[PDB]
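Peer 1: Got a file for you: my_file-v6.cif, mmCIF, C-alpha atoms and all ligand atoms.
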data_work
loop_
_atom_site.label_atom_id
_atom_site.label_comp_id
_atom_site.auth_asym_id
_atom_site.auth_seq_id
_atom_site.Cartn_x
_atom_site.Cartn_y
_atom_site.Cartn_z
CA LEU A 22 16.26 4.04 -1.50
CA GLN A 23 13.95 6.95 -2.37
CA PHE A 24 11.19 5.76 0.06
CA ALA A 25 11.03 3.58 3.12
CA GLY A 26 7.85 3.38 5.21
CA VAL A 27 5.41 1.41 7.25
CA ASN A 28 1.73 0.59 6.89
CA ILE A 29 -0.29 2.19 9.64
CA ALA A 30 -3.34 -0.10 9.81
CA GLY A 31 -6.73 0.14 11.45
CA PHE A 32 -9.21 1.82 9.06
CA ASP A 33 -8.96 -1.39 7.05
CA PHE A 34 -10.22 -3.61 9.82
CA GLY A 35 -13.18 -5.76 8.92
CA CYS A 36 -12.19 -5.43 5.30
CA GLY A 37 -12.38 -8.86 3.78
CA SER A 38 -10.42 -10.20 0.86
CA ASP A 39 -13.79 -10.27 -1.02
CA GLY A 40 -14.29 -6.43 -0.96
CA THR A 41 -16.81 -6.48 1.92
CA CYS A 42 -15.90 -3.86 4.54
CA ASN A 43 -17.99 -4.30 7.65
CA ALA A 44 -17.68 -0.45 8.03
CA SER A 45 -18.65 -0.85 11.69
CA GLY A 46 -15.32 -2.72 12.25
CA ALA A 47 -13.19 0.23 11.08
CA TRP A 48 -10.83 1.29 13.87
CA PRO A 49 -8.78 4.44 13.43
CA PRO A 50 -5.21 4.16 14.77
CA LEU A 51 -5.26 7.56 16.46
CA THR A 52 -5.37 8.50 20.10
CA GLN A 53 -8.88 10.18 19.94
CA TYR A 54 -11.06 7.70 18.11
CA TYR A 55 -9.81 5.41 20.95
CA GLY A 56 -7.04 3.62 19.05
CA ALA A 57 -3.21 3.61 19.20
CA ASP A 58 -0.98 6.71 18.89
CA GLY A 59 -0.55 6.42 15.11
CA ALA A 60 0.59 10.04 14.98
CA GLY A 61 3.32 9.36 17.57
CA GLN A 62 4.23 6.11 15.84
CA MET A 63 4.90 8.29 12.77
CA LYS A 64 6.82 11.04 14.64
CA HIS A 65 9.05 8.24 15.84
CA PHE A 66 9.39 6.34 12.61
CA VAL A 67 10.63 9.55 10.95
CA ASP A 68 12.64 11.24 13.69
CA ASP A 69 14.48 8.20 15.02
CA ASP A 70 14.37 5.59 12.22
CA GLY A 71 14.61 7.52 8.96
CA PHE A 72 11.27 6.47 7.52
CA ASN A 73 9.88 8.60 4.84
CA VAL A 74 6.40 7.58 3.79
CA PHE A 75 3.40 5.86 5.44
CA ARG A 76 0.72 3.79 3.94
CA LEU A 77 -2.77 4.36 5.27
CA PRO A 78 -5.23 1.60 4.43
CA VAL A 79 -8.90 2.47 4.24
CA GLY A 80 -12.01 0.90 2.73
CA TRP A 81 -14.32 2.28 0.06
CA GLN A 82 -17.28 1.61 2.27
CA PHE A 83 -15.82 3.70 5.05
CA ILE A 84 -15.09 6.59 2.71
CA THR A 85 -18.61 6.65 1.39
CA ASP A 86 -20.55 4.99 4.25
CA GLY A 87 -21.57 1.86 2.40
CA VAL A 88 -21.97 3.09 -1.20
CA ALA A 89 -20.03 2.22 -4.44
CA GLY A 90 -19.56 5.72 -5.81
CA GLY A 91 -17.63 8.82 -4.91
CA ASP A 92 -19.94 10.65 -2.50
CA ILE A 93 -17.52 11.06 0.37
CA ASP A 94 -19.08 10.82 3.80
CA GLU A 95 -17.81 13.84 5.75
CA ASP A 96 -17.74 12.47 9.30
CA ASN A 97 -15.82 9.35 8.24
CA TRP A 98 -13.53 11.39 6.04
CA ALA A 99 -12.77 13.75 8.91
CA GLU A 100 -11.45 10.75 10.84
CA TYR A 101 -9.36 9.51 7.94
CA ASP A 102 -8.00 12.89 7.01
CA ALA A 103 -6.73 13.31 10.63
CA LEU A 104 -4.50 10.35 10.09
CA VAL A 105 -3.26 11.72 6.75
CA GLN A 106 -2.66 15.07 8.47
CA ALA A 107 -0.61 13.28 11.12
CA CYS A 108 1.39 11.57 8.43
CA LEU A 109 2.14 14.87 6.77
CA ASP A 110 2.78 16.63 10.08
CA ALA A 111 5.39 13.98 10.85
CA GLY A 112 7.34 15.15 7.74
CA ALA A 113 6.64 12.19 5.44
CA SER A 114 4.82 11.29 2.20
CA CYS A 115 1.45 9.44 2.53
CA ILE A 116 -0.06 6.69 0.41
CA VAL A 117 -3.86 6.83 0.43
CA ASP A 118 -4.58 3.11 -0.15
CA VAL A 119 -8.12 1.97 -1.00
CA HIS A 120 -8.03 -1.46 0.61
CA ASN A 121 -10.63 -3.36 -1.39
CA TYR A 122 -9.00 -6.23 -3.37
CA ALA A 123 -10.56 -4.82 -6.54
CA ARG A 124 -13.97 -5.70 -5.15
CA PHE A 125 -17.08 -4.24 -3.53
CA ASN A 126 -19.15 -6.70 -1.52
CA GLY A 127 -18.21 -9.91 -3.34
CA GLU A 128 -18.28 -8.38 -6.79
CA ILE A 129 -15.40 -7.16 -9.07
CA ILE A 130 -14.99 -3.62 -10.34
CA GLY A 131 -15.34 -3.44 -14.09
CA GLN A 132 -16.14 -7.15 -14.25
CA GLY A 133 -19.39 -7.97 -12.39
CA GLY A 134 -19.22 -5.33 -9.62
CA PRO A 135 -19.21 -1.52 -9.71
CA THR A 136 -18.40 0.04 -13.03
CA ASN A 137 -15.25 1.78 -13.95
CA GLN A 138 -17.25 5.01 -13.54
CA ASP A 139 -18.58 4.25 -10.05
CA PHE A 140 -14.90 3.66 -9.23
CA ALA A 141 -13.49 6.65 -11.12
CA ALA A 142 -15.89 8.91 -9.30
CA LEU A 143 -14.37 7.72 -6.03
CA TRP A 144 -10.92 8.67 -7.05
CA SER A 145 -12.00 12.01 -8.44
CA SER A 146 -13.28 12.93 -5.01
CA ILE A 147 -10.25 11.61 -3.15
CA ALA A 148 -7.97 13.42 -5.56
CA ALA A 149 -9.96 16.68 -5.21
CA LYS A 150 -9.13 16.63 -1.51
CA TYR A 151 -5.33 16.53 -1.74
CA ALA A 152 -4.84 17.70 -5.41
CA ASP A 153 -2.36 20.52 -4.70
CA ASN A 154 -0.47 18.47 -2.06
CA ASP A 155 2.52 16.74 -3.70
CA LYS A 156 3.43 14.60 -0.67
CA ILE A 157 0.36 12.44 -1.37
CA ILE A 158 0.62 9.19 -3.36
CA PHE A 159 -2.58 7.62 -4.58
CA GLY A 160 -2.75 3.86 -4.21
CA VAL A 161 -5.45 2.93 -6.69
CA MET A 162 -6.27 -0.46 -5.27
CA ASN A 163 -4.92 -2.89 -2.76
CA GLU A 164 -4.13 -6.48 -3.77
CA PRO A 165 -6.31 -7.40 -6.73
CA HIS A 166 -6.58 -11.15 -6.90
CA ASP A 167 -8.39 -13.85 -8.85
CA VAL A 168 -9.44 -11.32 -11.50
CA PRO A 169 -10.48 -13.02 -14.72
CA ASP A 170 -9.35 -10.40 -17.34
CA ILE A 171 -6.35 -8.27 -16.57
CA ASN A 172 -6.75 -5.90 -19.52
CA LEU A 173 -10.21 -4.91 -18.34
CA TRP A 174 -8.64 -4.32 -14.95
CA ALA A 175 -5.96 -2.16 -16.51
CA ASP A 176 -8.93 -0.26 -18.11
CA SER A 177 -10.47 0.28 -14.68
CA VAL A 178 -7.14 1.65 -13.50
CA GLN A 179 -6.95 3.96 -16.48
CA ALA A 180 -10.28 5.28 -15.51
CA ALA A 181 -9.03 6.10 -11.99
CA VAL A 182 -5.83 7.69 -13.24
CA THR A 183 -7.74 9.90 -15.60
CA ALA A 184 -10.13 10.81 -12.81
CA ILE A 185 -7.16 11.64 -10.58
CA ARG A 186 -5.36 13.94 -13.04
CA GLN A 187 -8.56 15.73 -13.96
CA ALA A 188 -9.20 16.69 -10.37
CA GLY A 189 -5.87 18.53 -10.52
CA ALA A 190 -3.59 15.87 -9.04
CA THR A 191 -1.02 16.44 -11.68
CA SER A 192 2.20 16.14 -9.65
CA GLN A 193 1.63 12.93 -7.65
CA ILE A 194 2.68 9.35 -8.04
CA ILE A 195 -0.07 6.89 -8.72
CA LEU A 196 0.51 3.22 -7.87
CA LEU A 197 -0.77 0.65 -10.31
CA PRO A 198 -1.71 -2.77 -8.98
CA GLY A 199 -2.14 -6.04 -10.82
CA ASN A 200 -3.26 -9.57 -10.19
CA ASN A 201 -2.35 -12.38 -7.80
CA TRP A 202 -2.46 -10.02 -4.82
CA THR A 203 0.05 -7.95 -6.84
CA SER A 204 2.57 -10.59 -6.07
CA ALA A 205 5.93 -9.32 -7.34
CA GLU A 206 6.79 -12.87 -8.43
CA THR A 207 4.03 -13.15 -11.03
CA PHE A 208 3.69 -9.48 -11.89
CA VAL A 209 5.26 -9.93 -15.35
CA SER A 210 4.48 -13.61 -15.98
CA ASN A 211 0.67 -13.27 -15.58
CA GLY A 212 0.29 -10.26 -17.81
CA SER A 213 -0.12 -7.67 -15.13
CA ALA A 214 2.89 -5.68 -16.36
CA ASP A 215 2.14 -5.64 -20.09
CA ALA A 216 -1.51 -4.67 -19.53
CA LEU A 217 -0.60 -1.98 -17.05
CA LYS A 218 2.26 -0.72 -19.19
CA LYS A 219 -0.50 0.73 -21.49
CA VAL A 220 -1.92 3.00 -18.80
CA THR A 221 -1.07 6.62 -19.37
CA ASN A 222 -1.80 10.13 -18.07
CA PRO A 223 -4.10 12.31 -20.19
CA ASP A 224 -1.17 13.84 -22.16
CA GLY A 225 0.16 10.36 -23.24
CA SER A 226 3.05 10.04 -20.73
CA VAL A 227 3.78 7.41 -18.03
CA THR A 228 5.50 10.00 -15.84
CA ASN A 229 4.82 9.20 -12.21
CA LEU A 230 2.86 6.01 -12.75
CA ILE A 231 4.61 3.38 -10.72
CA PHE A 232 3.75 -0.27 -10.43
CA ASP A 233 2.50 -1.38 -7.05
CA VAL A 234 3.77 -4.70 -5.80
CA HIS A 235 3.65 -6.78 -2.65
CA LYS A 236 5.88 -9.67 -1.41
CA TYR A 237 6.14 -11.63 1.83
CA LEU A 238 8.90 -13.96 2.99
CA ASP A 239 6.98 -17.12 3.95
CA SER A 240 6.60 -20.31 1.91
CA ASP A 241 3.10 -19.52 0.59
CA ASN A 242 3.53 -15.70 0.12
CA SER A 243 0.66 -15.17 2.63
CA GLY A 244 2.40 -13.22 5.38
CA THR A 245 0.64 -15.36 7.96
CA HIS A 246 3.71 -17.26 9.18
CA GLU A 247 6.19 -16.08 11.74
CA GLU A 248 9.12 -17.88 10.15
CA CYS A 249 10.82 -16.86 6.92
CA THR A 250 12.17 -19.10 4.24
CA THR A 251 13.49 -16.80 1.48
CA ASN A 252 14.49 -13.29 0.31
CA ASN A 253 12.59 -13.32 -3.00
CA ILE A 254 15.61 -12.14 -5.01
CA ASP A 255 15.98 -15.18 -7.28
CA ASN A 256 12.26 -15.67 -8.02
CA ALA A 257 10.92 -12.11 -7.72
CA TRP A 258 13.13 -9.03 -7.44
CA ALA A 259 15.81 -10.08 -9.94
CA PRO A 260 13.43 -10.98 -12.82
CA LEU A 261 11.34 -8.05 -11.95
CA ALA A 262 14.19 -5.50 -12.16
CA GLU A 263 15.41 -6.91 -15.46
CA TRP A 264 11.96 -6.41 -16.87
CA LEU A 265 11.54 -3.01 -15.23
CA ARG A 266 14.88 -1.70 -16.48
CA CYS A 267 14.68 -2.44 -20.14
CA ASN A 268 11.12 -0.99 -20.20
CA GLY A 269 12.11 2.29 -18.48
CA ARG A 270 9.60 1.82 -15.73
CA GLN A 271 9.62 1.68 -11.95
CA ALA A 272 7.89 -0.27 -9.19
CA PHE A 273 7.14 0.32 -5.50
CA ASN A 274 6.87 -2.41 -2.90
CA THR A 275 3.98 -1.24 -0.74
CA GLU A 276 3.60 -4.35 1.41
CA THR A 277 6.19 -6.70 2.91
CA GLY A 278 7.35 -8.11 6.21
CA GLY A 279 7.92 -10.95 8.56
CA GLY A 280 8.06 -12.22 12.09
CA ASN A 281 10.22 -10.78 14.76
CA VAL A 282 12.64 -13.75 14.69
CA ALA A 283 16.16 -14.79 13.54
CA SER A 284 15.30 -16.36 10.15
CA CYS A 285 13.50 -13.27 9.11
CA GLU A 286 16.19 -10.80 10.21
CA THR A 287 18.68 -12.58 8.02
CA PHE A 288 16.35 -12.98 5.00
CA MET A 289 14.72 -9.52 5.16
CA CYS A 290 18.07 -7.72 5.38
CA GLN A 291 19.05 -9.58 2.25
CA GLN A 292 15.89 -8.41 0.40
CA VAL A 293 16.36 -4.79 1.54
CA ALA A 294 20.06 -4.77 0.62
CA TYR A 295 19.09 -5.97 -2.89
CA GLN A 296 16.28 -3.45 -3.17
CA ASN A 297 18.68 -0.56 -2.36
CA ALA A 298 21.18 -1.88 -4.86
CA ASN A 299 18.42 -1.54 -7.49
CA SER A 300 17.24 1.91 -6.49
CA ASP A 301 16.92 2.87 -10.21
CA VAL A 302 13.95 0.50 -10.76
CA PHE A 303 12.55 0.19 -7.18
CA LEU A 304 11.29 3.37 -5.48
CA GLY A 305 11.08 1.71 -2.01
CA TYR A 306 9.59 -0.77 0.45
CA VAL A 307 6.82 -0.26 3.03
CA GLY A 308 6.62 -2.72 5.88
CA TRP A 309 3.36 -4.38 6.77
CA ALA A 310 1.97 -3.67 9.96
CA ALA A 311 2.03 -1.04 12.60
CA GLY A 312 -0.88 1.18 13.68
CA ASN A 313 -3.20 -0.73 15.94
CA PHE A 314 -2.31 -4.32 15.76
CA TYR A 315 -1.89 -5.95 19.20
CA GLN A 316 1.63 -6.85 20.32
CA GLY A 317 1.44 -10.58 19.56
CA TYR A 318 0.53 -9.96 15.97
CA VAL A 319 2.66 -12.22 13.87
CA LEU A 320 3.87 -9.47 11.45
CA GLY A 321 3.95 -6.79 14.08
CA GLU A 322 5.92 -3.59 13.73
CA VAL A 323 4.20 -1.47 16.40
CA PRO A 324 6.75 0.30 18.55
CA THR A 325 6.31 1.03 22.25
CA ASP A 326 6.05 4.45 23.99
CA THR A 327 7.56 4.67 27.46
CA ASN A 328 7.08 8.23 28.66
CA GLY A 329 8.46 9.63 25.40
CA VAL A 330 10.97 6.82 24.68
CA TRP A 331 9.99 4.60 21.76
CA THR A 332 11.25 1.08 21.17
CA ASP A 333 10.91 -0.83 17.94
CA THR A 334 10.12 -4.40 17.20
CA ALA A 335 13.09 -6.60 16.43
CA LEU A 336 12.60 -6.61 12.66
CA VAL A 337 12.26 -2.90 12.28
CA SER A 338 15.45 -2.20 14.24
CA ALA A 339 17.50 -5.09 12.84
CA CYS A 340 16.42 -4.67 9.21
CA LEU A 341 13.68 -2.36 7.94
CA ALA A 342 14.71 0.99 9.38
CA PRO A 343 16.79 3.05 6.97
CA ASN A 344 18.78 4.17 10.07
CA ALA A 345 20.42 0.73 10.47
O1 LIG B 401 0.22 -12.32 -0.04
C1 LIG B 401 -0.55 -11.16 0.32
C2 LIG B 401 -1.96 -11.52 0.78
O2 LIG B 401 -2.07 -12.93 0.52
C3 LIG B 401 -3.25 -13.62 0.96
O3 LIG B 401 -2.99 -15.04 0.88
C4 LIG B 401 -2.98 -15.70 -0.40
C5 LIG B 401 -1.56 -15.64 -1.02
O4 LIG B 401 -1.31 -14.34 -1.61
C6 LIG B 401 -1.34 -16.74 -2.07
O5 LIG B 401 0.02 -16.75 -2.51
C7 LIG B 401 -1.72 -18.11 -1.49
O6 LIG B 401 -1.41 -19.17 -2.41
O7 LIG B 401 -3.12 -18.11 -1.21
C8 LIG B 401 -3.51 -17.15 -0.21
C9 LIG B 401 -5.03 -17.21 -0.16
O8 LIG B 401 -5.42 -18.58 -0.27
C10 LIG B 401 -3.64 -13.23 2.42
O9 LIG B 401 -5.01 -13.59 2.65
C11 LIG B 401 -3.48 -11.74 2.77
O10 LIG B 401 -3.46 -11.50 4.19
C12 LIG B 401 -2.18 -11.14 2.25
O11 LIG B 401 -2.23 -9.72 2.55
#
Would it be possible to restate this file's structure as structure tokens?

Peer 2:
Amino acid sequence: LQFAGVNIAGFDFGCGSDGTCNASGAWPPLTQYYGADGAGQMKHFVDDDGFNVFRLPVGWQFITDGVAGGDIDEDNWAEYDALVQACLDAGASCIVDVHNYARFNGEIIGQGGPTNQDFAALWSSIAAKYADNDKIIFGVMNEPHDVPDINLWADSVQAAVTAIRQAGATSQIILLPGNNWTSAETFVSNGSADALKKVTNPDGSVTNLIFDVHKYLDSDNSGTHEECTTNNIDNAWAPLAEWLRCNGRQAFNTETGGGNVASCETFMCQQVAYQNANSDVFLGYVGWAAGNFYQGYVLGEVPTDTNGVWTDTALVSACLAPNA
């Protein structure tokens, strides 16, 4: 109810689930840079649909041109900032999502891979850009999975948070991701919640530290199927809210979606109706996948521009748009 948005993808392309980002394969979803009209996409999603925030996936490698640290490469950053500027210019809040699966080329941050410091550095720099700007929302890490020790991971996340506040980003939300691809279904049961509950700002508060969760509507939670089989209320959003409420904490669903078909319009509308009903514990949903996915993409949300007139995919206009 506070936020509803869509992921504008492209800078994440050739990012693998193992933290390897073929930083050649990055493809900015902006007219210029020879990609789709991501800016226009966002004008439309706000002005006509009532969307509010956009999530802008990008890889560590792109930000730094291949290095695990925080030395931001200016030419690449110029590209990525233009998208963030388009998101802000559209009137919305923007999640800056480092799309690395808690890894850097095969190896896990804090646990085999780059150190918590290598990582913290990164976020200091990102935060230093953008510190004053309160419409930014820092997404620490996208979809950690098969991590062996969650408390060490929560330590890595502490390190980022602390980096972020110390660069002056005092007013922003920071999203905190846990294990199993931050599945919302296992977020409490696997220890992600209790570990991440310990993460605090420098002054000792949890103000503006929101859990980051993801949930798809297909049998295997992959978001690779067109057809949908559930609304995740019974097994995910209900238990989650109970837990979230009694602990005085909030979560944010930064990835979800489904195919542009009947079964999904019924089941997604159910999930979104429930999520609004629990607006105290859930800050919002963000739908996975506009930007520069081709039309036949199974989870597609890219609208169409006909001489100024935009047209949404089925699922956005039937279910995901606040204006419906
Ligand atoms: O679900 C989000 C994320 O999932 C990836 O697939 C996982 C899935 O999360 C898990 O439930 C299933 O059992 O295994 C697969 C991997 O084997 C998927 O690769 C991503 O595209 C997606 O963003």

Peer 1: With all atoms listed in the file as the basis for distance, which of A:105, A:337, A:180, A:238 is at the shortest distance from residue A:197?

Peer 2: A:180

Peer 1: Show me which residues line ligand LIG 401 (chain B), defined as having an atom within 12 Å of a ligand atom where only C-alpha atoms and all ligand atoms count, and present them as a short mmCIF file (atom, residue, chain, number, x, y, z; two decimals) with C-alpha atoms, in the frame of the given file.

Peer 2:
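Saved to selection-v6.cif:
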data_model
loop_
_atom_site.label_atom_id
_atom_site.label_comp_id
_atom_site.auth_asym_id
_atom_site.auth_seq_id
_atom_site.Cartn_x
_atom_site.Cartn_y
_atom_site.Cartn_z
CA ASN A 28 1.73 0.59 6.89
CA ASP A 33 -8.96 -1.39 7.05
CA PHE A 34 -10.22 -3.61 9.82
CA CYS A 36 -12.19 -5.43 5.30
CA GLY A 37 -12.38 -8.86 3.78
CA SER A 38 -10.42 -10.20 0.86
CA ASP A 39 -13.79 -10.27 -1.02
CA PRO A 78 -5.23 1.60 4.43
CA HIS A 120 -8.03 -1.46 0.61
CA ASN A 121 -10.63 -3.36 -1.39
CA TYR A 122 -9.00 -6.23 -3.37
CA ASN A 163 -4.92 -2.89 -2.76
CA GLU A 164 -4.13 -6.48 -3.77
CA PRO A 165 -6.31 -7.40 -6.73
CA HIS A 166 -6.58 -11.15 -6.90
CA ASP A 167 -8.39 -13.85 -8.85
CA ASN A 200 -3.26 -9.57 -10.19
CA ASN A 201 -2.35 -12.38 -7.80
CA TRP A 202 -2.46 -10.02 -4.82
CA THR A 203 0.05 -7.95 -6.84
CA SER A 204 2.57 -10.59 -6.07
CA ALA A 205 5.93 -9.32 -7.34
CA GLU A 206 6.79 -12.87 -8.43
CA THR A 207 4.03 -13.15 -11.03
CA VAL A 234 3.77 -4.70 -5.80
CA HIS A 235 3.65 -6.78 -2.65
CA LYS A 236 5.88 -9.67 -1.41
CA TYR A 237 6.14 -11.63 1.83
CA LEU A 238 8.90 -13.96 2.99
CA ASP A 239 6.98 -17.12 3.95
CA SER A 240 6.60 -20.31 1.91
CA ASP A 241 3.10 -19.52 0.59
CA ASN A 242 3.53 -15.70 0.12
CA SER A 243 0.66 -15.17 2.63
CA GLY A 244 2.40 -13.22 5.38
CA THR A 245 0.64 -15.36 7.96
CA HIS A 246 3.71 -17.26 9.18
CA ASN A 274 6.87 -2.41 -2.90
CA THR A 275 3.98 -1.24 -0.74
CA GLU A 276 3.60 -4.35 1.41
CA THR A 277 6.19 -6.70 2.91
CA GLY A 278 7.35 -8.11 6.21
CA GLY A 279 7.92 -10.95 8.56
CA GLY A 308 6.62 -2.72 5.88
CA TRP A 309 3.36 -4.38 6.77
CA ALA A 310 1.97 -3.67 9.96
CA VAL A 319 2.66 -12.22 13.87
CA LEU A 320 3.87 -9.47 11.45
#

Peer 1: Find the residue from A:67, A:23, A:81, A:97 that sits nearest to residue A:271; use all atoms listed in the file when measuring.

Peer 2: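 Nearest candidate to residue A:271 out of A:67, A:23, A:81, A:97: A:23.
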
Peer 1: Give the answer as one residue: which of A:221, A:296, A:41, A:253 has the shortest atom-to-atom distance to residue A:127, using all atoms listed in the file?

Peer 2: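 Under the stated criterion, the closest residue is A:41.
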
Peer 1: So which residues are close to (16.3, 3.6, 11.4), meaning at most 12 Å away in the file's coordinates with only C-alpha atoms counted, and can you show them as a VMD selection string?

Peer 2: chain A and resid 25 to 27 65 to 73 332 to 345

Peer 1: Which residues come within 12 Å of residue A:263, counting all atoms listed in the file, excluding same-chain residues fewer than 4 positions away, as a CSV table (one decimal) with C-alpha atoms, keeping the file's coordinate frame?

Peer 2:
chain,number,residue,atom,x,y,z
A,209,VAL,CA,5.3,-9.9,-15.4
A,254,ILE,CA,15.6,-12.1,-5.0
A,255,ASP,CA,16.0,-15.2,-7.3
A,256,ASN,CA,12.3,-15.7,-8.0
A,257,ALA,CA,10.9,-12.1,-7.7
A,258,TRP,CA,13.1,-9.0,-7.4
A,259,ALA,CA,15.8,-10.1,-9.9
A,267,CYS,CA,14.7,-2.4,-20.1
A,268,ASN,CA,11.1,-1.0,-20.2
A,269,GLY,CA,12.1,2.3,-18.5
A,270,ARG,CA,9.6,1.8,-15.7
A,271,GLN,CA,9.6,1.7,-12.0
A,272,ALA,CA,7.9,-0.3,-9.2
A,299,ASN,CA,18.4,-1.5,-7.5
A,301,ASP,CA,16.9,2.9,-10.2
A,302,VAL,CA,14.0,0.5,-10.8
A,303,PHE,CA,12.6,0.2,-7.2

Peer 1: Grab the atom CA of residue A:326 to atom CA of residue A:287 distance for me, in Å with one decimal place.

Peer 2: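 So the answer is 26.5 Å.
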
Peer 1: Output stretch 138-160 of chain A as a compact mmCIF listing (two decimals), in the frame of the given file, making sure N, CA and C atoms are there.

Peer 2:
# COMPACT_ATOMS: atom_id res chain seq x y z
N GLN A 138 -16.80 3.66 -13.90
CA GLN A 138 -17.25 5.01 -13.54
C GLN A 138 -17.57 5.20 -12.07
N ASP A 139 -18.34 4.28 -11.49
CA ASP A 139 -18.58 4.25 -10.05
C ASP A 139 -17.20 4.42 -9.37
N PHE A 140 -16.23 3.66 -9.82
CA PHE A 140 -14.90 3.66 -9.23
C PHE A 140 -14.12 4.97 -9.45
N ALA A 141 -14.19 5.45 -10.69
CA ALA A 141 -13.49 6.65 -11.12
C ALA A 141 -13.97 7.83 -10.31
N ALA A 142 -15.28 7.92 -10.17
CA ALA A 142 -15.89 8.91 -9.30
C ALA A 142 -15.19 8.96 -7.94
N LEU A 143 -14.99 7.79 -7.33
CA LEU A 143 -14.37 7.72 -6.03
C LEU A 143 -13.05 8.43 -6.02
N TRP A 144 -12.22 8.06 -6.97
CA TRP A 144 -10.92 8.67 -7.05
C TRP A 144 -10.94 10.15 -7.42
N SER A 145 -11.93 10.60 -8.17
CA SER A 145 -12.00 12.01 -8.44
C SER A 145 -12.11 12.72 -7.10
N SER A 146 -13.03 12.26 -6.26
CA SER A 146 -13.28 12.93 -5.01
C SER A 146 -12.07 12.90 -4.10
N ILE A 147 -11.43 11.73 -3.99
CA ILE A 147 -10.25 11.61 -3.15
C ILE A 147 -9.20 12.59 -3.64
N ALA A 148 -8.94 12.53 -4.95
CA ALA A 148 -7.97 13.42 -5.56
C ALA A 148 -8.30 14.88 -5.31
N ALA A 149 -9.58 15.26 -5.34
CA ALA A 149 -9.96 16.68 -5.21
C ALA A 149 -9.58 17.25 -3.83
N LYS A 150 -9.90 16.53 -2.76
CA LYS A 150 -9.13 16.63 -1.51
C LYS A 150 -7.74 16.43 -1.97
N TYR A 151 -6.73 16.98 -1.34
CA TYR A 151 -5.33 16.53 -1.74
C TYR A 151 -4.72 16.82 -3.13
N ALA A 152 -5.43 17.39 -4.08
CA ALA A 152 -4.84 17.70 -5.41
C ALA A 152 -3.53 18.51 -5.41
N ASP A 153 -3.54 19.65 -4.75
CA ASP A 153 -2.36 20.52 -4.70
C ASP A 153 -1.18 19.87 -3.95
N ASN A 154 -1.48 19.01 -2.98
CA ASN A 154 -0.47 18.47 -2.06
C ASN A 154 0.38 17.39 -2.69
N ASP A 155 1.66 17.67 -2.92
CA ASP A 155 2.52 16.74 -3.70
C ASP A 155 3.13 15.62 -2.87
N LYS A 156 2.92 15.64 -1.55
CA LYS A 156 3.43 14.60 -0.67
C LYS A 156 2.47 13.40 -0.61
N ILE A 157 1.29 13.54 -1.21
CA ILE A 157 0.36 12.44 -1.37
C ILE A 157 0.67 11.51 -2.56
N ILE A 158 0.32 10.25 -2.41
CA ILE A 158 0.62 9.19 -3.36
C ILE A 158 -0.62 8.36 -3.38
N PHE A 159 -1.28 8.27 -4.52
CA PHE A 159 -2.58 7.62 -4.58
C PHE A 159 -2.41 6.16 -4.91
N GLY A 160 -2.81 5.30 -3.98
CA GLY A 160 -2.75 3.86 -4.21
C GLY A 160 -4.10 3.35 -4.69
